[PDB]
Amino acid sequence: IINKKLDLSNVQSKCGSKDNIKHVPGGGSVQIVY
Amino acid sequence: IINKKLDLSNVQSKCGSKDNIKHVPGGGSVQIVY
Amino acid sequence: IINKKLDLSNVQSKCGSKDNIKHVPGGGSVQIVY
Amino acid sequence: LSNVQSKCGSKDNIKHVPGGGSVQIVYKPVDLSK
Amino acid sequence: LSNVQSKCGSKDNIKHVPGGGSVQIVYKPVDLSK
Amino acid sequence: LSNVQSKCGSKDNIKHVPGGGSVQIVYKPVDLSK
């Protein structure tokens with residue numbers, strides 16, 4: 001007689017960010033020779 | 001007779017950030033020769 | 001007669017951040033020769 | 001009822017404003033022969 | 001009822017503002033012969 | 001009822017503001033022959 005089954009499931013594998021952030025704003029330079 | 005099953009799941013395998021943040025703002029330089 | 005089962009599950013494996021943060025703001029330099 | 005697997009590797013409300021270098025030189029040397 | 005596997009490797013509200021270097025030289029030397 | 005596997009390797013409200021180096025030289029040598 002009466003029967004029910006509720007089943008939703010979430011799965012992940014090798015996953016997620018490998019982000020590189022690499023700012024090199026090097027500056028403000030004066031070479032001043034007389 | 002009456003029967004019910006409720007089945008909620010979350011799974012992970014090897015997962016999450018390998019981030020690399022690497023700012024090199026090197027600067028403010030004077031080379032002043034007379 | 002009457003039967004029920006409620007079943008909640010979370011699972012993880014080798015998981016979470018391997019983050020590198022590596023700022024090198026080296027500066028403020030004067031080379032001053034007469 | 002609901003089931004929501006959701007956002008991975010997402011990036012949100014990010015600013016990048018790397019701003020390297022400036023110079024405000026004022027050059028007023030004085031140099032004479034007789 | 002609900003089931004929510006959720007955000008991994010996400011990034012939110014981040015600022016990067018690396019700002020390297022500046023120079024404010026004022027160069028008023030004085031040099032004479034006779 | 002609810003089940004929520006949640007945030008791993010997430011990043012939220014981060015700042016990076018490495019601001020390396022500055023120079024404020026005021027150069028006023030005085031240099032003479034007669």
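Each residue's number is its place along the chain shown, starting with 1.
Per deposition record, electron microscopy, 3.2 Å.
Every residue, even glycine, has its Cβ placed from backbone N, Cα and C.
Here is what Swiss-Prot says about this protein:
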{"type": "MOD_RES", "residues": "B:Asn3", "note": "deamidated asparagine"}
{"type": "CARBOHYD", "residues": "B:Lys4", "note": "glycation site"}
{"type": "MOD_RES", "residues": "B:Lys5", "note": "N6-acetyllysine"}
{"type": "CARBOHYD", "residues": "B:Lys5", "note": "glycation site"}
{"type": "CROSSLNK", "residues": "B:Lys5", "note": "ubiquitin cross-link"}
{"type": "MOD_RES", "residues": "B:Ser9", "note": "phosphoserine"}
{"type": "MOD_RES", "residues": "B:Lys14", "note": "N6-acetyllysine"}
{"type": "SITE", "residues": "B:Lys14", "note": "site 'Not glycated'"}
{"type": "MOD_RES", "residues": "B:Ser17", "note": "phosphoserine"}
{"type": "SITE", "residues": "B:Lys18", "note": "site 'Not glycated'"}
{"type": "MOD_RES", "residues": "B:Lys22", "note": "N6-acetyllysine"}
{"type": "CROSSLNK", "residues": "B:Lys22", "note": "ubiquitin cross-link"}
{"type": "SITE", "residues": "B:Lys22", "note": "site 'Not glycated'"}
{"type": "MOD_RES", "residues": "B:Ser29", "note": "phosphoserine"}
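Known features from Swiss-Prot, placed on the structure.
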| residue | record | DSSP (3 states) |
| --- | --- | --- |
| B:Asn3 | deamidated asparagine | strand |
| B:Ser9 | phosphoserine | strand |
| B:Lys14 | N6-acetyllysine | coil |
| B:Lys22 | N6-acetyllysine | coil |
| B:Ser29 | phosphoserine | strand |
Can you tell me which of the recorded positions B:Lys14, B:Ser17, B:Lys18, B:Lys22, B:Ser29 is spatially closest to B:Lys4 (glycation site)? Compare CA atoms only.
B:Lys14
Tell me the Cα distance separating the residue listed as 'deamidated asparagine' from B:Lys14 (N6-acetyllysine), rounded to the nearest angstrom.
36
Can you grab the distance from B:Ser9 (phosphoserine) over to the residue listed as 'deamidated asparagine'? Cα atoms, rounded to a whole Å.
20
Residue among modified residues B:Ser9, B:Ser17 with least C-beta crowding, 10 angstrom cut-off:
B:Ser9
Give the residue from the modified residues B:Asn3, B:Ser29 that has the most other Cβ atoms within 10 Å of its Cβ, counting over every protein chain displayed.
B:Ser29
How many other Cβ atoms are found within 10 Å of the Cβ atom of B:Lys5 (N6-acetyllysine), counting all protein chains shown?
14
Out of B:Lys5, B:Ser17, B:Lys22, B:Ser29, which modified residues come under 8 Å of chain E, measuring Cβ to Cβ?
B:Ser17, B:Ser29
B:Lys5 (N6-acetyllysine) to B:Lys18 (site 'Not glycated') - Cα separation in whole Å:
39
For the residue listed as 'deamidated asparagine' and B:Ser29 (phosphoserine), determine the Cα separation and express it in whole Å.
78
Rank aside, I only need the closest one: which of the recorded positions B:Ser17, B:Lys18, B:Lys22 has its C-alpha nearest to that of B:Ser29 (phosphoserine)?
B:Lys22
Is it possible to get the count of other C-beta atoms within 10 angstroms of the C-beta of B:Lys4 (glycation site)?
14
For the modified residues B:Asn3, B:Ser17, B:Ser29, which residues show a Cβ-Cβ distance under 8 Å to chain F?
B:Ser17, B:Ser29
